[PDB]
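Chemist: task: produce atomic coordinates for the following.
(one chain, ligands or ions: 3)
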Amino acid sequence: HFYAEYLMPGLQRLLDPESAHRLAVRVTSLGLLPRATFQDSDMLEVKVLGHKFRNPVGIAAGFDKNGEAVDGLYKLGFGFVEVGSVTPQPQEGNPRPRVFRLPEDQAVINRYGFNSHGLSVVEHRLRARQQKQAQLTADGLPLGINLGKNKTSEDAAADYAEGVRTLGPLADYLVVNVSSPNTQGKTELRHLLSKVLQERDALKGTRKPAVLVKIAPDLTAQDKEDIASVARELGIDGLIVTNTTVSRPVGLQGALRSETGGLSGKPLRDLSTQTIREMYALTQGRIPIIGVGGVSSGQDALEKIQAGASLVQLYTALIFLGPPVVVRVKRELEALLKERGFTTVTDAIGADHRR
Ligand SMILES: Cc1cc2nc3c(=O)[nH]c(=O)nc-3n(C[C@H](O)[C@H](O)[C@H](O)COP(=O)(O)O)c2cc1C
Ligand SMILES: Cc1cc(Nc2cc(F)c(C(F)(F)F)c(F)c2)n2nc(C(F)(F)F)nc2n1
Ligand SMILES: O=C(O)c1cc(=O)[nH]c(=O)[nH]1
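Modeler: Numbers count the residues shown, from 1 in each chain. Ligands and ions are numbered 1, 2, ... in the order given. Sure, structure below:
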């Protein structure tokens, strides 16, 4: 409660979004935040992507862009952390201002345009902690790395390749982020993905990261069939559904609603869940999905899980509710699984399809 209508709305008044984000990352890294004490139950454990996840709630890409706060994030209760997106070379991103809060809608619009410290900086930081991560991973706390491309780049495959070569040895999973709204066709995707998988395969007697593709919520019905077709044809390990949306739904109260960019938070929630449900159907329940978009409660997580997600992520909820939201989600999720007749979270995955 202290976070929810004392600290967050107040920070909102005081701090511009970028300043607030930067502060959040630093406070999280430094461990100033009180630690989560909620204990995950066996009921929340998920095994997927070649790893065990102690709980199914992860932090989505975009919070820890540069891998500065990974340990602190696990301490807040996240089951898994995704770093990035990381671009090969450092870049500024778009002109400020570039992130807008719509508190009325519990939503954010962003056009960051991939401000990243770049691969070498993030490699150095992650390497220094690689041993610690190996222990965390073993304890059910995996690490994902999300790869982006520079604004310049004509050659996407080359940018992705630097990323896979550089960070793939540090990753439990890798994500190709082809969905930023702020920076194709089957064949073109197929080529790129094959090149990425080929870079992954070449890795170094690392035993090797799973490769996922992160998609937009704004796709055509054929693209969804296409993406499913490729994933199955290429043996892509997973899908992350979804990134932010370019739409503005009816009823936004926020002044900044007209701003160009990707919308996240509650207004995205149902569109994202719908997108998961299709993808599970098209892929026959055979390809794991990490569901993201507007999760801020246990029910929100459960809906995504029932729709077909094996895991879920959140980011935007933190902006409005603070760190307690991670525990709220897990606590609510456990309570709902018990009420609703599931012995474990795993039993819920794809339940919508079952009926
Ligand atoms: C400010 C901001 C920055 C983001 N940056 C990235 C990014 O760099 N890479 C990425 O894949 N997704 C990024 N995302 C998308 C989130 O990972 C997530 O897909 C989306 O926000 C939906 O989840 P949420 O509603 O819980 O925020 C960003 C989102 C926000 C709000
Ligand atoms: C008020 C506010 C908060 C914030 N994140 C945020 C999120 C947090 F969890 C904290 C902390 F440290 F209290 F737990 C915090 F200090 C800031 N963002 N992050 C954004 C941005 F830019 F990412 F959209 N705007 C924000 N506005
Ligand atoms: O850097 C960004 O602007 C960004 C990337 C992304 O993948 N998603 C998003 O909403 N913003």
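Chemist: now do the strands in the stretch 151-300 of the chain.
Modeler: Chain-ordered strands for the stretch 151-300 of the chain, with DSSP state E, counting those that start in this stretch as the definition, fall at 173-177, 210-215, 238-241, 262-265, 289-292.
Chemist: for the third one, give me every contacting residue.
Modeler: In other words, strand 238-241. Counting contacts by C-beta atoms under 8 Å, 6 or more residues apart in numbering, the residues outside strand 238-241 that touch it are 48-49, 173, 175, 210-215, 217, 227, 231, 272, 275-276, 279, 283, 287-293, 309, 313. For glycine as for every other residue, the C-beta is placed from the backbone atoms N, C-alpha and C.
Chemist: contacting residues around residue 303?
Modeler: The neighbourhood of residue 303, defined by C-beta under 8 Å, 6+ apart, consists of residue 273.
Chemist: which SSE is it in?
Modeler: With elements delineated by DSSP states H and E, residue 303 resides in helix 298-307, which encompasses its position.
Chemist: close to ligand 3: what parts of the stretch 101-250 of the chain are there?
Modeler: With the criterion set to C-beta under 6 Å from any ligand atom, the stretch 101-250 of the chain comes near ligand 3 through 110, 111, 112, 113, 114, 177, 179, 180, 182, 243, 244.
Chemist: one more: the stretch 251-355 of the chain?
Modeler: Where the stretch 251-355 of the chain comes near ligand 3, counting by C-beta under 6 Å from any ligand atom, the residues are residue 262.
Chemist: so which residue of the stretch 251-355 of the chain comes closest to ligand 3?
Modeler: Taking C-beta to the nearest ligand atom, ligand 3 has its nearest neighbour within the stretch 251-355 of the chain at residue 262, 3.6 Å off.
Chemist: the most centrally placed residue in the chain and residue 231, how far apart?
Modeler: In the chain, the centroid-proximal residue (C-alpha atoms, centre = their mean) is residue 60; its distance is 2.6 Å. Relative to residue 231, residue 60 is positioned 20 Å away (C-beta to C-beta, to the nearest Å).
Chemist: got it, and residue 305?
Modeler: When residue 305 is compared with residue 231 (using C-beta to C-beta), they lie 20 Å apart.
Chemist: residue 181 too?
Modeler: 22 Å.
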